[PDB]
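Here is the structure we will look at, set down as structure tokens.
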Amino acid sequence: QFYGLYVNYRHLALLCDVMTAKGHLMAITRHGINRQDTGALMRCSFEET
DNA sequence: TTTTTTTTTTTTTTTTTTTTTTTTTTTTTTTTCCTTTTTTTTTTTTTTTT
């Protein structure tokens, strides 16, 4: 809202629920995505293959 | 002669510093240059001598 851009609430609440799903702060880095419980090929496709 | 009281020695954490490691928008089009090199060993050749 500083730049006057409007994004719908669902697309923001989905991200806010993705980060707070595990009970702590799951950042969107290589330290939060690669520390999840997903598959090996999914995690190696992003960073630190 | 036993109990408290001081000393000691680990014990686990804390905190700060240092080190390490990993990352850095998407697509497309043209040229240029290099894709060895000097060193050491081996083999052949040429000249000389008896």
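Numbering starts fresh at 1 for the residues of each chain in the structure tokens, the chains themselves are lettered A, B, ... in the order given, and ligands are numbered from 1 as they appear.
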Using only C-alpha atoms (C1' of nucleotides), select each residue of chain B with any atom at most 12 Å away from an atom of chain A, and give the selection as a PDB file with N, CA, C and O atoms (P, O5', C5', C4', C3', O3' and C1' of nucleotides), in the first residue's frame.
ATOM      1  P    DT B  21      33.725 -24.706   3.436  1.00  0.00           P
ATOM      2  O5'  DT B  21      32.241 -24.608   2.870  1.00  0.00           O
ATOM      3  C5'  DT B  21      31.155 -24.524   3.786  1.00  0.00           C
ATOM      4  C4'  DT B  21      29.970 -23.841   3.141  1.00  0.00           C
ATOM      5  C3'  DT B  21      30.033 -23.765   1.616  1.00  0.00           C
ATOM      6  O3'  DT B  21      28.788 -24.120   1.075  1.00  0.00           O
ATOM      7  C1'  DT B  21      29.632 -21.632   2.510  1.00  0.00           C
ATOM      8  P    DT B  22      28.700 -24.892  -0.328  1.00  0.00           P
ATOM      9  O5'  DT B  22      27.261 -24.477  -0.875  1.00  0.00           O
ATOM     10  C5'  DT B  22      26.289 -23.982   0.034  1.00  0.00           C
ATOM     11  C4'  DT B  22      25.755 -22.644  -0.434  1.00  0.00           C
ATOM     12  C3'  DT B  22      25.807 -22.432  -1.944  1.00  0.00           C
ATOM     13  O3'  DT B  22      24.525 -22.655  -2.523  1.00  0.00           O
ATOM     14  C1'  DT B  22      26.328 -20.446  -0.677  1.00  0.00           C
ATOM     15  P    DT B  23      24.326 -22.567  -4.117  1.00  0.00           P
ATOM     16  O5'  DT B  23      23.890 -21.048  -4.369  1.00  0.00           O
ATOM     17  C5'  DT B  23      22.732 -20.544  -3.731  1.00  0.00           C
ATOM     18  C4'  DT B  23      22.667 -19.028  -3.799  1.00  0.00           C
ATOM     19  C3'  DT B  23      22.878 -18.424  -5.168  1.00  0.00           C
ATOM     20  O3'  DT B  23      21.662 -18.454  -5.911  1.00  0.00           O
ATOM     21  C1'  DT B  23      23.954 -17.135  -3.453  1.00  0.00           C
TER      22       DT B  23
END
Which neighbours of stretch 19-22 of chain A fall inside 12 Å, counting only C-alpha atoms (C1' of nucleotides), when residues of the same chain fewer than 3 positions from it are skipped, and could you give them as a PDB file with N, CA, C and O atoms, in the first residue's frame?
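File produced: result.pdb:
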ATOM      1  N   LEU A  12      -1.963 -13.525  -0.257  1.00  0.00           N
ATOM      2  CA  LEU A  12      -1.088 -13.118   0.831  1.00  0.00           C
ATOM      3  C   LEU A  12      -1.244 -14.016   2.048  1.00  0.00           C
ATOM      4  O   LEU A  12      -0.249 -14.399   2.680  1.00  0.00           O
ATOM      5  N   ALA A  13      -2.492 -14.359   2.373  1.00  0.00           N
ATOM      6  CA  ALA A  13      -2.770 -15.250   3.491  1.00  0.00           C
ATOM      7  C   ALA A  13      -2.242 -16.651   3.236  1.00  0.00           C
ATOM      8  O   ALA A  13      -1.864 -17.344   4.187  1.00  0.00           O
ATOM      9  N   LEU A  14      -2.182 -17.072   1.967  1.00  0.00           N
ATOM     10  CA  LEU A  14      -1.598 -18.369   1.648  1.00  0.00           C
ATOM     11  C   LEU A  14      -0.110 -18.408   1.971  1.00  0.00           C
ATOM     12  O   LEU A  14       0.363 -19.376   2.571  1.00  0.00           O
ATOM     13  N   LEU A  15       0.634 -17.357   1.615  1.00  0.00           N
ATOM     14  CA  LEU A  15       2.053 -17.293   1.965  1.00  0.00           C
ATOM     15  C   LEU A  15       2.252 -17.199   3.474  1.00  0.00           C
ATOM     16  O   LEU A  15       3.133 -17.872   4.036  1.00  0.00           O
ATOM     17  N   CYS A  16       1.423 -16.390   4.145  1.00  0.00           N
ATOM     18  CA  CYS A  16       1.528 -16.241   5.594  1.00  0.00           C
ATOM     19  C   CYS A  16       1.194 -17.535   6.328  1.00  0.00           C
ATOM     20  O   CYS A  16       1.685 -17.759   7.439  1.00  0.00           O
ATOM     21  N   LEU A  25       9.439 -19.903  12.317  1.00  0.00           N
ATOM     22  CA  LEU A  25       9.549 -19.086  11.114  1.00  0.00           C
ATOM     23  C   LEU A  25      10.288 -19.875  10.043  1.00  0.00           C
ATOM     24  O   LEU A  25      11.499 -20.093  10.148  1.00  0.00           O
ATOM     25  N   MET A  26       9.564 -20.301   9.014  1.00  0.00           N
ATOM     26  CA  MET A  26      10.152 -21.014   7.885  1.00  0.00           C
ATOM     27  C   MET A  26      10.379 -19.969   6.800  1.00  0.00           C
ATOM     28  O   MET A  26       9.456 -19.611   6.064  1.00  0.00           O
ATOM     29  N   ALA A  27      11.603 -19.464   6.722  1.00  0.00           N
ATOM     30  CA  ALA A  27      11.939 -18.428   5.761  1.00  0.00           C
ATOM     31  C   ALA A  27      12.008 -19.003   4.353  1.00  0.00           C
ATOM     32  O   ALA A  27      12.208 -20.201   4.151  1.00  0.00           O
ATOM     33  N   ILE A  28      11.831 -18.130   3.363  1.00  0.00           N
ATOM     34  CA  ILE A  28      12.017 -18.521   1.967  1.00  0.00           C
ATOM     35  C   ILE A  28      13.483 -18.233   1.652  1.00  0.00           C
ATOM     36  O   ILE A  28      13.839 -17.189   1.103  1.00  0.00           O
ATOM     37  N   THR A  29      14.345 -19.166   2.043  1.00  0.00           N
ATOM     38  CA  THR A  29      15.766 -19.167   1.710  1.00  0.00           C
ATOM     39  C   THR A  29      16.143 -20.606   1.393  1.00  0.00           C
ATOM     40  O   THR A  29      15.281 -21.465   1.195  1.00  0.00           O
ATOM     41  N   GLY A  32      15.237 -22.509   4.883  1.00  0.00           N
ATOM     42  CA  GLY A  32      13.880 -22.813   5.289  1.00  0.00           C
ATOM     43  C   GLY A  32      13.174 -23.762   4.347  1.00  0.00           C
ATOM     44  O   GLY A  32      12.331 -24.556   4.774  1.00  0.00           O
ATOM     45  N   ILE A  33      13.512 -23.698   3.061  1.00  0.00           N
ATOM     46  CA  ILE A  33      12.895 -24.590   2.087  1.00  0.00           C
ATOM     47  C   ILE A  33      13.568 -25.955   2.114  1.00  0.00           C
ATOM     48  O   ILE A  33      12.900 -26.994   2.150  1.00  0.00           O
ATOM     49  N   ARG A  35      15.113 -27.328   4.498  1.00  0.00           N
ATOM     50  CA  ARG A  35      14.986 -27.966   5.797  1.00  0.00           C
ATOM     51  C   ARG A  35      13.606 -28.565   6.015  1.00  0.00           C
ATOM     52  O   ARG A  35      13.295 -28.987   7.134  1.00  0.00           O
ATOM     53  N   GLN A  36      12.776 -28.613   4.978  1.00  0.00           N
ATOM     54  CA  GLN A  36      11.421 -29.131   5.092  1.00  0.00           C
ATOM     55  C   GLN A  36      11.432 -30.655   4.983  1.00  0.00           C
ATOM     56  O   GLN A  36      12.485 -31.298   4.956  1.00  0.00           O
ATOM     57  N   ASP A  37      10.243 -31.251   4.907  1.00  0.00           N
ATOM     58  CA  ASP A  37      10.089 -32.695   4.808  1.00  0.00           C
ATOM     59  C   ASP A  37       9.727 -33.145   3.399  1.00  0.00           C
ATOM     60  O   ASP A  37       9.200 -34.248   3.223  1.00  0.00           O
TER      61      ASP A  37
END
